[PDB]
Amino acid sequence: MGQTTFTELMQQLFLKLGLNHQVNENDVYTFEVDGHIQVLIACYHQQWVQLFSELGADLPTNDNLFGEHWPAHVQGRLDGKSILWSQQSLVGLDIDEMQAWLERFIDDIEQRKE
């Protein structure tokens, strides 16, 4: 509430996923899939859950249009590194949708790599 709601949501998530993870002092949750995809999960302003992943080799530019995923997955740049991110509001976010969104996000990264 809102960090506590986030922390209890993260706890349910990692249990349901049976995934090793890390949490730093900033409440940023880190995990790795398939020994290469590192995914970061953070809560901003006690309200917005933010997914983030660094896209690794150099990837072609995305038109960054909405419509393909809900919420959208956005390909950005950062220190000259392509990254992918997606966000949604914590309000009325539950574990089933949190799990589905994470799955969607992982599948897109997996595909963008290619």
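The first residue of the shown sequence is 1; numbering continues from there.
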- Message: Can you tell me whether 40-48 has a higher mean C-alpha B factor than 56-64 in this record, or the other way round?
- Response: 56-64
- Message: Among the modelled residues of this chain, does the Cα B factor of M98 put it in the lowest, middle or highest third?
- Response: middle
- Task: Comparing against every modelled residue in the chain, figure out the third that the C-alpha B-factor of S86 lands in (lowest, middle or highest).
- Result: lowest
- Please place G35 in the lowest, middle or highest third of its chain by C-alpha B factor as given in the entry. highest
- Can you tell me which third, lowest, middle or highest, the CA B-factor of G80 falls into for its chain? highest
